[PDB]
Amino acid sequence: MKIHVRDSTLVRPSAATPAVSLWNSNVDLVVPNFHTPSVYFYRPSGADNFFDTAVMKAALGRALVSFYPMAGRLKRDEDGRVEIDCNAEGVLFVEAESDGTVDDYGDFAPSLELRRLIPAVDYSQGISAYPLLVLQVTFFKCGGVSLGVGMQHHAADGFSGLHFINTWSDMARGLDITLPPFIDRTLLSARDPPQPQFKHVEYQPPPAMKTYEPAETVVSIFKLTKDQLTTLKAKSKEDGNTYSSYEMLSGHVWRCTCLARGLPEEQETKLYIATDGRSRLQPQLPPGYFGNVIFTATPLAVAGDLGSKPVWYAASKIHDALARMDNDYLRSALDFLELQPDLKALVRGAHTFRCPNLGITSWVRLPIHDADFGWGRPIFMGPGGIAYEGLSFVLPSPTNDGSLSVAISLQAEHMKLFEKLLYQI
């Protein structure tokens, strides 16, 4: 498939916005340096103006008025701390055409082929050289359209990013803003002086694999029916042992991964779980809080135990890790991060999620399919390509059947067994 760009432009806020330097909290600093990829897919609705770029950009400019930090640029203060220069330079909007079809992506497994649907960024010209948000509307050879999104997570996390996209689509349909964004990250300032309370196991080195081959990593996606999810939930009754569907599913995935990887009985495994601090921070963050509030629960386990014990054993560990992440624990994290000499060094990479470990996040809660720009909701949305092994995304169904999908990156030889184990319910 070849893709070629008809036009690219910088879309600025439709009206005047504050000219300020937006301070970043420690959560807003422990982020990747690249743009986080995500992709929306749409089927033709039969409309003559399907995804009219003028309509899209008009609404984009209107949304960037309240979401003005999105149209800003990265800068560093006198101490070298990354902050957001809200200068309204604008976000990048790319219109592109494809000689292929939406069907070419099949089940929309998040392979690196999705990256082509998202504008590339030159990271060699300073952190101030590129927009915080890059957008690509691609028209396929079937009438279908993809919306590719690259968002610098110095701006905000995926939760606020989703808040922006849905607001954009709302305005594209003529709607006014439902939830106005709150823009002040000083609410997540560390205490003075910083008083950490736990050692924070989340930032400790993960279990290793004695060795380490090269690894041919593949990406797949598997649908689980509502009945399959219901059957998995009542497995909490096993061995005379209630955990939620999410806790049980994440435990199920964690367990299946260990068995698929053929982990030794004694091998330790560490699970990384993205959790939203918005729910537990005190006092409650204002609705529409614009920034990063995503933390990580990291339960430890023995591969032999996960396999020989019921799923609720895995779920219990997951539940315990999440339960101890109250306000005090998160407040301690801000203080612990504050004392760290290098925050970027704490950002997790391929090494973190290599065998025997795993990272998981669940997007079912998000209104990820509420991005209706006037021509219908997305037929799919997911991460814009997964680069390395050991990442899993739990995606809800676009339909109302209550099914979900587990997208995941594993070694090629491990992926085949994982599919078998995932459906052993």
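One-based numbering along the sequence shown.
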Between neighbours residue 242 and residue 241, residues that the deposited sequence lists but the model omits
1 to 3
Stretch with higher mean Cα temperature factor, 170-178 vs 340-348, is 340-348
Higher average CA B factor in the deposited record is what I'm after, so tell me if that's 388-396 or 360-368.
360-368
When the entry's CA B-factors for 298, 152, 160, 204 are compared, the highest one belongs to 204
Most elevated Cα B-factor in the entry, residues 200, 255, 319, 261:
200
Comparing residue 108 with the other modelled residues of its chain, is its CA B-factor in the lowest, middle or highest third?
lowest
Compare the C-alpha B factor of residue 47 with those of the other modelled residues in its chain, then answer lowest, middle or highest third.
highest
Chain thirds by Cα B factor, record data; residue 266 belongs to the lowest
With respect to C-alpha B-factor, does residue 14 fall in the lowest, middle or highest third of the chain as deposited?
highest
Looking at the temperature factor on the CA atom of residue 32, which third of the chain's modelled residues does it land in?
highest
